[PDB]
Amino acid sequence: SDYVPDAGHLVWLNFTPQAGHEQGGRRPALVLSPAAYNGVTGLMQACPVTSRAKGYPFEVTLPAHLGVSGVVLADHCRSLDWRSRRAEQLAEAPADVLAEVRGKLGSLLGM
């Protein structure tokens, strides 16, 4: 597989290893960084998806037609080695989901 995650892709990823309250487990992830970075580093910035939604504003819902259950945890973005954590492409999020996640994460990061 010559797959390289690109921005807006939803991929399956192992968020374990993690520490403490960091998100763990194999689950979908929304990729924010572009393939040009992801392919030259082997790393990406991505947000985990959970089915255990608490309903808070930093959870961004995925439209049902994508076939991916759960919500994007916009505040849980992290740098991830997507080959070690075995990324597998799943879907592509619509532009408005990507923009909403970025706006909320940007608020968190002080941008």
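All residue numbers refer to positions in the sequence shown, first residue = 1. Heads up, when I say rigid core I mean the largest set of C-alphas that superpose within 1.5 Å between the two forms.
Student: Between 55 to 63 and 37 to 45, where do the CA atoms move more in 4 other deposited structures of this protein, taking the root mean square over the structures and residues after a core fit?
Tutor: The stretch that sits farther from the shown form in 4 other deposited structures of this protein is 55 to 63.
Student: Fitting on the core, do the C-alphas of 6 to 14 or of 93 to 101 deviate more in 4 other deposited structures of this protein?
Tutor: Higher root mean square deviation of C-alphas in 4 other deposited structures of this protein is shown by 6 to 14.
Student: Where the other entries model residues on both sides, is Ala87 skipped in at least a third?
Tutor: No.
Student: With respect to the recorded C-alpha B factors, which stretch has the higher mean value, 63 to 71 or 46 to 54?
Tutor: Comparing 63 to 71 with 46 to 54, the higher average CA B-factor belongs to 63 to 71.
Student: With reference to the PDB entry, specify whether the mean Cα temperature factor is higher for 15 to 23 or for 90 to 98.
Tutor: Comparing 15 to 23 with 90 to 98, the higher mean C-alpha B-factor belongs to 90 to 98.
Student: Relative to the other modelled residues of the same chain, rank the CA B-factor of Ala7 and answer lowest, middle or highest third.
Tutor: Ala7: CA B-factor falls in the middle third of its chain.
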